[PDB]
Amino acid sequence: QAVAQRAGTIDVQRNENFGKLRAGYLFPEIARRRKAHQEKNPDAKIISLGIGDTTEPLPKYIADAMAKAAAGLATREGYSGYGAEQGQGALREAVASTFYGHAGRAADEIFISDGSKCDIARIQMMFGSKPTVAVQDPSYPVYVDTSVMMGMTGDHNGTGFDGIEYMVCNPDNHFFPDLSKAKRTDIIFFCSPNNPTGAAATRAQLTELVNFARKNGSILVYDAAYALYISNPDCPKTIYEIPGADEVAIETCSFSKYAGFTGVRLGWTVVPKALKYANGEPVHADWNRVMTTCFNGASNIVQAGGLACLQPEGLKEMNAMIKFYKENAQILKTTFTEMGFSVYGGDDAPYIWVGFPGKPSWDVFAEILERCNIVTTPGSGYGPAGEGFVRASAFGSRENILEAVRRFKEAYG
Amino acid sequence: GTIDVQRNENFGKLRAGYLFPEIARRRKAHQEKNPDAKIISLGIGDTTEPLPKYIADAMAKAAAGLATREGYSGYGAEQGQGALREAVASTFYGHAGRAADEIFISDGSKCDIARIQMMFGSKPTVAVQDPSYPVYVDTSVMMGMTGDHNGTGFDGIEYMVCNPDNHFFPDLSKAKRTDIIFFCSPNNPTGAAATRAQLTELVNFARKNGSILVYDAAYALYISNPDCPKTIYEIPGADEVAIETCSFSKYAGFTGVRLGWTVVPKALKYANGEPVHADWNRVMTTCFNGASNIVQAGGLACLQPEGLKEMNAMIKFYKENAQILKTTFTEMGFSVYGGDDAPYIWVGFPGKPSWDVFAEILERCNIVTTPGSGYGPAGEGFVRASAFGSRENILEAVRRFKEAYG
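Printed below as a string of structure tokens:
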């Protein structure tokens with residue numbers, strides 16, 4: 026019949042929350058802008074210091090663990106077990122003892138997933154639309170964008186979204202917000218080291234943050250994805266090194282490509298049993314319900330790679346890879362500082378954060394791409410307080426980092 | 033206490049934990065009471081047979097190769113590798129109109145259903161086939177799309193009841209209109225594969241009502257009957273109303289694999305014209321980090337000629353297991369459904385609660401099954417038995433069932 030030759034029919038309205046979003050997500054838009062630039066300039070040899078997708082080859086001890094788990098699928102049955110789609114016990118024990126020995130977290134509070142971004146979306150589903158949110162500003166834009174999608178916010182106001190408390194971190198406050206003036210919210214999202222500024226909060230700063238959350242009765246979602254890169258002994262690698270954090274904080278961590286590991290999609294969350302909603306219900310029970318209902322369990326291939334990373338040879342190879350990326354960050358930082366720019370980060374994180382005052386950061390991004398054929402990311406893509414800066418990733422080969430430096434000195438030196 | 037955030041009200045609407053973890057817990061408790069019992073699971077379906085080696089090979093080579101390549105960078109795409117999207121579009125939708133840019137590769141269908149529910153939000157009304165795998169009801173409840181539980185099901189859900197007397201297809205002339213309709217074919221747990229005429233009626237009903245149809249084709253690889261479409265897009269006009277979810281994960285029979293896809297046609301538009309594909313792409317790029325390239329290499333190998341030959345042999349094996357189970361029960365006088373187009377059977381145990389039949393089978397036969405009431409209100413009165421297991425264990429389960437019930 027004619028019906029099948031015709032459009033249309035559908036009476037469901039678009040979710041109002043998606044209409045609030047202003048632009049597509051930052052990293053896909055940067056990849057699209059890079060592709061458009063290569064279409065305009067087919068001969069350009071583009072170096073990406075943008076999204077961070079050009080991670081170096083994975084440590085062989087980890088790759089080999091994953092390969093052997095994959096090949097082993099041909100000679101075993103499917104696994105069966107109550108303990109658990111929460112993640113293999115051996116991996117959750119290795120994560121608990123490697124990262125949370127001093128910090129007191131148990132294996133049964135660790136939940137292994139396929140990535141931190143996926144877990145942030147699932148946390149937001151767990152919170153639902155009612156809670157109010159505060160976000161460190163600038164920050165990786167998953168926190169704001171998932172808050173908007175879940176309906177936790179008002180409309181965009183031309184600078185940020187109404188209803189989000191942006192906790193501004195900048196050079197003048199040493200990248201830590203003024204909590205004596207910060208508004209109370211239900212949820213606080215905080216990252217250390219922060220992406221994009223590279224700032225790793227000090228022990229005294231995190232003690233302030235935990236005491237702020239506790240006084241306000243807020244849940245703190247703490248992103249420690251880049252904590253492997255912290256060098257300063259005064260900057261904790263987990264929020265659980267702070268007394269009282271177990272009653273307010275959920276931590277998210279990543280061993281994925283985002284954190285520097287080629288080919289990996291793996292993270293975890295920590296939800297302490299001590300963390301309880303206002304009427305006493307444990308957050309851990311609801312998180313477990315989300316993880317068993319909305320998720321299918323991280324693959325046993327990737328969990329084999331995570332467990333290998335935590336064995337002696339895996340830690341040795343991982344540490345060498347972290348040291349290589351940090352040396353790339355220092356090469357980029359020194360290049361910019363010798364040219365007279367103000368540069369932040371690169372000491373505790375594998376990227377740097379460069380001031381370009383007086384021009385919108387999206388225009389700077391376009392100018393660097395035009396003049397140097399280098400992709401960076403614009404600071405305004407990380408929220409209102411990101412305007413005036415650009416981030417450059419250290420995830421790349423040493424030859425590409427060195428060619429980028431040559432190109433930057435030629436254009437800007 | 034020191035936290036003032038209230039629990040999400042929608043989590044208080046859930047009455048019990050999720051079905052599959054509870055079956056696993058029951059199995060473990062039974063084993064602890066009976067440490068010498070040799071328990072055969074025909075329950076969750078976790079005991080899938082070893083993965084076809086051509087797939088495992090591709091995954092191992094992709095993993096090993098991580099040690100000698102840089103991270104991938106590319107516009108085409110955080111939706112999944114182009115070669116795999118093209119292979120899915122050609123293999124599964126070559127006569128059904130779908131393009132590679134309508135395919136979104138993920139790490140599994142249950143994660144996609146939760147992300148779909150996020151995209152829809154709390155305002156839409158939901159109809160769910162009943163019985164069905166409980167992710168559709170439970171995610172609807174978590175997202176705030178429903179009222180409270182009422183003793184049988186949740187208020188605010190239109191249950192579309194499929195049973196033996198209606199040939200496992202609801203009476204659409206009497207079904208209330210909703211915004212979203214979740215339907216699966218073959219259905220888990222009944223095994224029913226909707227016919228071409230039935231799916232034409234479903235697509236017509238969705239189009240007349242202006243509803244979005246979310247169609248789960250996870251088990252369509254197991255369909256034998258040529259009258260039963262393997263994708264909703266075989267029905268003219270389905271591109272204007274339907275999203276399809278599919279799985280190549282352990283759920284669909286593939287040991288070790290966490291891989292699925294969704295189809296969101298470019299044609300599918302909300303009431304005021306906005307494309308659903310654009311919001312789904314926003315979700316998949318914001319709320320997800322892209323399926324591993326190890327598992328996508330497995331997916332691509334499964335669709336090459338040797339992969340398909342080995343996958344087809346695996347499907348044929350599980351279907352033989354399902355026929356062995358089905359024959360056993362029918363010879364004992366039970367009414368049995370499924371097994372012909374799905375790798376599980378659905379057996380009538382009228383007059384006793386299915387959770388009591390679950391307990392009885394586990395105590396008398398040391399066999400795990402799943403109770404039909406775990407799949408919604410119209411699942412009561414039945415038990416599902418999975419065909420995902422070794423031939424030795426299937427044969428031993430049949431021996432035990434004959435001793436107990438024959």
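Here the protein sequences come in this chain order: B and A.
Heads up: the first sequence is residues 26 to 438, going by the deposited numbering.
Heads up: the second sequence is residues 33 to 438, going by the deposited numbering.
We put the beta carbon where it would ideally sit given N, CA and C, even for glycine.
For chain A, find out if any of its Cβ atoms is closer than 8 Å to the Cβ of residue i; answer yes or no.
i                 : result
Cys216 of chain B : no
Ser405 of chain B : no
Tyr376 of chain B : no
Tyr302 of chain B : yes
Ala92 of chain B  : yes
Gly49 of chain B  : yes
Starting from residue i, follow its DSSP beta bridges and name the residues at the other end.
i                      : result
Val289 of chain B      : Bridge partners of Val289 of chain B: none, in fact.
residue 447 of chain A : Examination of residue 447 of chain A is not possible in this model, given that chain A is present from 33 through 438 alone.
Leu204 of chain A      : DSSP output for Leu204 of chain A lists no bridge partner at all.
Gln63 of chain A       : None, per the DSSP bridge assignment.
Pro403 of chain A      : A:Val415
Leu116 of chain B      : Paired residues: none, contrary to the question.
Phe214 of chain B      : B:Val160, B:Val246
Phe136 of chain A      : A:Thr294
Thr277 of chain B      : B:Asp248, B:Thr294
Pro221 of chain B      : Per DSSP, none; premise fails for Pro221 of chain B.
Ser73 of chain B       : B:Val400
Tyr376 of chain B      : B:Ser418
Could you confirm whether any beta carbon from chain B is found closer than 8 Å to the beta carbon of residue i?
i                 : result
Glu64 of chain A  : no
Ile399 of chain A : no
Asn40 of chain A  : yes
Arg57 of chain A  : yes
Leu231 of chain A : no
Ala115 of chain A : no
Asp180 of chain A : no
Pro268 of chain A : yes
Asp36 of chain A  : yes
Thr227 of chain A : no
Look at the alpha carbon of residue i and the alpha carbon of residue j, and state the distance between them as a whole number of angstroms.
i                 : j                 : result
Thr360 of chain B : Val379 of chain B : 11 Å
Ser256 of chain B : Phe237 of chain B : 26 Å
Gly269 of chain B : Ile399 of chain B : 44 Å
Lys384 of chain B : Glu412 of chain B : 9 Å
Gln111 of chain B : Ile135 of chain B : 8 Å
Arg147 of chain B : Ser141 of chain A : 15 Å
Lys348 of chain A : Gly370 of chain A : 15 Å
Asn66 of chain B  : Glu190 of chain A : 55 Å
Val389 of chain A : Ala48 of chain A  : 19 Å
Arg432 of chain A : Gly404 of chain A : 21 Å
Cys143 of chain A : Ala32 of chain B  : 30 Å
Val37 of chain A  : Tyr86 of chain B  : 43 Å
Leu46 of chain B  : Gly108 of chain A : 23 Å
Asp373 of chain A : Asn344 of chain A : 14 Å
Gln149 of chain A : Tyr376 of chain B : 35 Å
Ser122 of chain A : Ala132 of chain A : 8 Å
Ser279 of chain A : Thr227 of chain B : 45 Å
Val430 of chain A : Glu102 of chain B : 20 Å
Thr318 of chain A : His309 of chain A : 14 Å
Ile264 of chain A : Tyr125 of chain A : 10 Å
Along the region 146-169 of chain B, what residues have a CB closer than 9 Å to any CB found in chain A? Listed in sequence order: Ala146, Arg147, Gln149, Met150, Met151, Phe152, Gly153, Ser154, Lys155, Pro156, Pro166, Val167.
Listed in chain order, which residues of the region 240-262 of chain A have Cβ atoms closer than 9 Å to some Cβ of chain B? Legend: CB atoms of the region 240-262 of chain A lying less than 9 Å from CB atoms of chain B belong to residues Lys240, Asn241, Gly242, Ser243, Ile244.
Meets three-Cβ-pair contact criterion under 8 Å: the region 347-363 of chain A and the region 170-183 of chain B: Because the criterion of three Cβ pairs below 8 Å is not met, the region 347-363 of chain A and the region 170-183 of chain B do not touch.
Would you say the region 403-423 of chain B touches the region 73-93 of chain B, given that touching needs at least three Cβ pairs under 8 Å? Using a C-beta cut-off of 8 Å, the region 403-423 of chain B makes contact with the region 73-93 of chain B, since at least three inter-stretch Cβ pairs fall below that distance.
Taking 8 Å as the threshold, find out whether the region 323-330 of chain A comes into contact with the region 292-300 of chain B through three or more Cβ pairs. As far as the Cβ criterion goes, the region 323-330 of chain A does not touch the region 292-300 of chain B, which means the pair count is below three.
Do the region 88-102 of chain A and the region 236-251 of chain A touch if we need at least three Cβ pairs shorter than 8 Å? Cβ pair count under 8 Å is below three, so no.
Does the pairing of the region 59-70 of chain A with the region 114-128 of chain B give three or more beta-carbon distances under 8 Å? Segments in contact, no.
So if I threshold CB-CB distances at 9 Å, which residues from the region 331-353 of chain B count as touching chain A? Going along the region 331-353 of chain B in chain order, one finds no residue with a Cβ nearer than 9 Å to chain A.
Count Cβ pairs between the region 243-253 of chain B and the region 206-214 of chain B that sit closer than 8 Å; are there 3 or more? In this structure the region 243-253 of chain B touches the region 206-214 of chain B; the number of beta carbon pairs closer than 8 Å is three or more.
Select from the region 282-300 of chain B all residues with a C-beta closer than 8 Å to any C-beta belonging to chain A, and list them in chain order. Hits within the stretch, in order: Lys282, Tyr283, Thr287, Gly288, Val289, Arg290, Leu300.
Quick check: the region 160-170 of chain A against the region 183-203 of chain A, are at least 3 beta-carbon pairs closer than 8 Å? Yes: at least three Cβ pairs fall under 8 Å.
Residues, ordered as in the chain, of the region 95-108 of chain A that lie near chain B by beta-carbon distance below 9 Å: Answer in chain order: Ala95, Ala96, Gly97, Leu98, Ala99, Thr100, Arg101, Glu102, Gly103, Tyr104, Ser105, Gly106, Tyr107, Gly108.
In the region 124-147 of chain A, which residues sit with their C-beta less than 9 Å from some C-beta in chain B, listed in chain order? Answer set for the region 124-147 of chain A: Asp139, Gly140, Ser141, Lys142, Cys143, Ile145, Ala146, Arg147.
Give the residues from the region 174-203 of chain B that approach chain A closer than 8 Å (Cβ to any Cβ), ordered along the chain. Hits within the stretch, in order: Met174, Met175, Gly176.
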